[PDB]
Amino acid sequence: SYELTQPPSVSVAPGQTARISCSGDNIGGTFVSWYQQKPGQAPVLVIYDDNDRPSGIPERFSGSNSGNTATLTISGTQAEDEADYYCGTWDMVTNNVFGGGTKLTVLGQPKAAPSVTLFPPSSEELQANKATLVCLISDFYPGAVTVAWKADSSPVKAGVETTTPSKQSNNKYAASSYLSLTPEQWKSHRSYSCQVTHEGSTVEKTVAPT
Amino acid sequence: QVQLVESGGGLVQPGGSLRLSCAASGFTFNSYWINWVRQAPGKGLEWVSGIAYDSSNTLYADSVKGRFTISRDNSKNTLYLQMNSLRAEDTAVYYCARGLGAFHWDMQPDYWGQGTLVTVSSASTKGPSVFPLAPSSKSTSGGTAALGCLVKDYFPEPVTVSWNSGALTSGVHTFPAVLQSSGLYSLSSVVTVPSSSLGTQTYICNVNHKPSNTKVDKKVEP
């Protein structure tokens, strides 16, 4: 039965209307609820039973539900409305189901590309029979990045661990990626690169054995 | 004011068990369906279990059925989740969440607690290995330079990193840790400094890990 599907991301200018949709097979015959969740905070109900509003919720939040689509509309979107939004329903088969969430951005800072710093394994770690290449990614906005490694232009999937972006202390984001090899592997290619792509374009740093 | 306060989360190993509780106040607890809903770090919401106002009906997600047991104490305004045969993929913040009304069909959450964190991992406690990330070439002479410390393979969180015993804080960026497949964590801390300072000034990272009683200084040189 029951998957509910939302778009990962929606953007609005301040004062523009945001619309977040939530789709499911005859979702129109369930009672849809909507939750807003800010970073590090519990979800808060903003609409229940398709279109009703708890007291305390600003009148700009409204809801709709017909056919395969339910929609949460925010008119005159404000800065504080920036959050993840989840749609939710109940049905006999799967009980309480939630959509995957939709991050809403109110165009809030200017774009900033990532700084990428890439460190080769240390002589200390190579003496201890290991090697880690460390790729540090900072000062970006908005907060999504795609990182990739190459061993002399040849792609690598083996041995790569990458964090998800976390909001900084100046309203931009940081992440890191680590590529773990053996010393022989590390000597066995003539160079290595983390290639970081930020909505738009690709930044690259490269390192070579010594 | 409706309040829901969860507790009992913590670290535990796969195969092991834990009991969470949620103490409620500011509404008539006895007349509402109550839920547990969980959120894995950076993931969406997943309903876990719910119980009718009169404990006549109890429901579980298929992911959890047969291992978790929900119950309530209407005399103490308290809800419990006994979680047995834990798996790594049960790691999440667990929220207690009041339903709209009393019965299963009213089970959609309206009010949520702040939640309690449950980390399920088979890793043993381990202090980090600390490696220097030597300054190389990136900007230039009469510019700034970046050097750091690689704190590899520790468990559990958290680790504290300072530079020169706390004396250097300006220019320090310590990055959130990566959780590797090994189930062990790693992080990095970099400081930016005048390039001209390299090799007249000393830079030592201090890495503290309370769980393993580990305190490591590492000198970082060109």
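Residues numbered from 1 in each chain as written, not as in the entry; some residues may be left out. Chains lettered and ligands numbered in written order. Heavy atoms only, no water.

(A) Examining the overall build of chain A more closely. Looking only at helices and strands, chain A features 2 helices and 18 strands. Relative to the globule expectation of 17 Å for 210 residues, the C-alpha radius of gyration of chain A, 22 Å, shows a markedly less compact shape. Along the three orthogonal principal directions, the C-alpha set of chain A runs to about 65 × 40 × 25 Å. Scored against the burial criterion, the 210 residues of chain A give a buried share of 44%. Pairs at least 24 residues apart make up 57% of the contacts formed inside chain A by residues separated by at least 6 positions. About 10100 Å² of surface is accessible on chain A, with carbon and sulfur atoms providing 48% of the total. Side chains of chain A carry 14 positive and 19 negative charges; the gap between the two charge centres is 9 Å. (Helix = DSSP H or I, 4+ residues; strand = E, 2+ residues; numbered from the N terminus. Rg over C-alpha atoms; globule rule 2.2 N^0.38 Å. Buried < 20%, exposed > 50% of the residue type's maximum accessible area, 1.4 Å probe, protein only. Contact = heavy atoms within 4.5 Å. Areas by Shrake-Rupley, 256 points an atom, 1.4 Å probe, with all protein chains shown as cover. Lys, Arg positive; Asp, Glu negative; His and termini not counted. Charge placed at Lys NZ, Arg CZ, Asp CG, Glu CD.)

(B) Region of the structure containing the pattern of salt bridges. With the rule as written, the count across this model stands at 9 salt bridges over all chains. The partner of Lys111(A) in a salt bridge is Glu199(A), and the shortest N-O contact between them spans 3.9 Å. In this pair, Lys111(A) sits in the loop between β9 (102–106) and β10 (115–119) while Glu199(A) sits in the loop between β17 (192–198) and β18 (201–207), placing the two residues 88 residues apart along the sequence. Residue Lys111(A) is classed as exposed on the basis of its relative accessible area of 59%. A salt bridge links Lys43(B) to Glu46(B); the shortest N-O distance between them is 3.5 Å. Take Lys43(B): its relative accessible area is 32%, and that puts it in the partly exposed class. Three or more residues joined by partner-sharing salt bridges are found here, namely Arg38(B), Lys43(B), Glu46(B), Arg67(B) and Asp90(B). (Salt bridge = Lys/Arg side-chain N within 4 Å of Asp/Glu carboxyl O.)

(C) Spotlight on the interface of chain A and chain B. Of the residues lining the interface, 43 residues belong to chain A; the matching set on chain B comes to 43 residues. For the pair chain A and chain B, the two sides together bury roughly 3200 Å², of which 63% comes from carbon and sulfur. Where chain A meets chain B, there are 0 salt bridges. Summed over the shared surface of chain A and chain B, the result is 12 residue pairs in polar contact. When residues of the side of chain A that touches chain B are traced back to their parent elements, those giving at least two are β3 (33–37), β7 (83–91), β8 (95–98), β10, α1 (123–127), β11 (131–140), β14 (160–162) and β16 (173–181) of chain A. (Buried area = accessible area lost by both parts, 1.4 Å probe. Polar contact = N/O pair within 3.5 Å; in protein donor to acceptor, adjacent residues only side chain to side chain.)

(D) Spatial organisation of the state of the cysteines. All names here are of chain A. Enumeration according to the criterion identifies 4 disulfides over all chains in this entry. The disulfide bridge from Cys 135 ends at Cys 194, spanning 2.0 Å between sulfur atoms. Across the S-S bond linking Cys 135 and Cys 194, the dihedral sits near 85°, which makes this disulfide right-handed. Of this pair, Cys 135 sits in strand β11 while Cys 194 sits in strand β17, and the two are 59 residues apart along the sequence. (Disulfide = S-S within 2.5 Å.)

(E) The nonpolar core, seen in detail. Core analysis: the biggest nonpolar cluster contains 41 residues, and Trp36(B), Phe68(B), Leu79(B), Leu81(B), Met83(B), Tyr94(B) and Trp112(B) have the highest contact counts within it. Sorting the residues of this core by element identifies β7 of chain A together with β3 (18–25), β4 (34–39), β5 (45–51), β7 (68–73), β8 (78–83), β9 (92–99) and β11 (116–120) of chain B as the ones contributing at least two each. Looking at which element gives the most residues to this core, the answer is β9(B), with 5 residues. Discounting chain neighbours no more than four positions away, the residues touching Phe68(B) are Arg38(B), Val48(B), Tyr60(B), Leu81(B), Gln82(B), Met83(B), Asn84(B), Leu86(B), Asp90(B) and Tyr94(B). Of all hydrophobic cores here, the second largest spans 23 residues; its members include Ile27(A), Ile57(A), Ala83(A) and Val106(A). (Core = buried A, V, L, I, M, F, W, Y, C linked by side-chain atoms within 4.5 Å.)

(F) Layout of the domain arrangement of chain B. Residue and element names in this part refer to chain B. Domains assigned within chain B are domain 1 (1–122) and domain 2 (123–222). A C-alpha centroid distance of 39 Å is found between domain 1 and domain 2. Contact with domain 2 buries area across many residues of domain 1, yet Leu 11, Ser 121 and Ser 122 alone supply 83% of it, more than any other trio. Along the contact surface separating domain 1 from domain 2 lie 0 salt bridges. Linking domain 1 with domain 2 are 1 residue pair in polar contact, by the criterion used here. Within the side of domain 1 that touches domain 2, the residues separate by chemical class into 1 nonpolar, 3 polar and no charged. (Domains from an automatic or database assignment. Nonpolar A, V, L, I, M, F, W, Y, C, P; charged D, E, K, R; others polar.)

(G) Broad picture of the side chain of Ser189(B). All names here are of chain B. In this fold, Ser 189 is placed in strand β17 (residues 185–194). Look at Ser 189 and you get buried, because its relative accessible area is 0%. Within the local environment of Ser 189, its side chain forms a polar contact with the side chain of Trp 163, the two groups lying 2.9 Å apart. Non-local contacts of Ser 189, meaning those with residues more than four positions away in its chain, are made with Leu 147, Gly 148, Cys 149, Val 161, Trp 163, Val 172, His 173 and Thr 174.

(H) How the structure looks around the packing of aromatic side chains. Residues and elements named next belong to chain A. Applying the stated criterion across every chain yields a total of 13 aromatic pairs over all chains. Measuring from ring centre to ring centre gives 6.1 Å for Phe 140 and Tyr 173, while their planes differ by 25°; the resulting arrangement is stacked. Taken together, the residues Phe 140 in strand β11 and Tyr 173 in strand β16 connect sequence positions 33 residues apart. Classification of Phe 140 by relative accessible area gives buried; the value is 0%. (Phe/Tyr/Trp six-rings, centres within 6.5 Å; stacked < 30°, edge-to-face > 60°.)

(I) Quick peek at the side chain of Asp90(B). Residues and elements named next belong to chain B. You can see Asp 90 is positioned in the loop between β8 and β9. Only 2.9 Å separates the side chain of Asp 90 from the side chain of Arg 67, close enough to count as a polar contact. In this structure the side chain of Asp 90 is engaged in a polar contact, spanning 2.9 Å, whose partner is the backbone nitrogen of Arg 87. Excluding anything up to four places from it in sequence, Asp 90 contacts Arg 38, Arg 67, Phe 68, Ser 85, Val 118 and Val 120.

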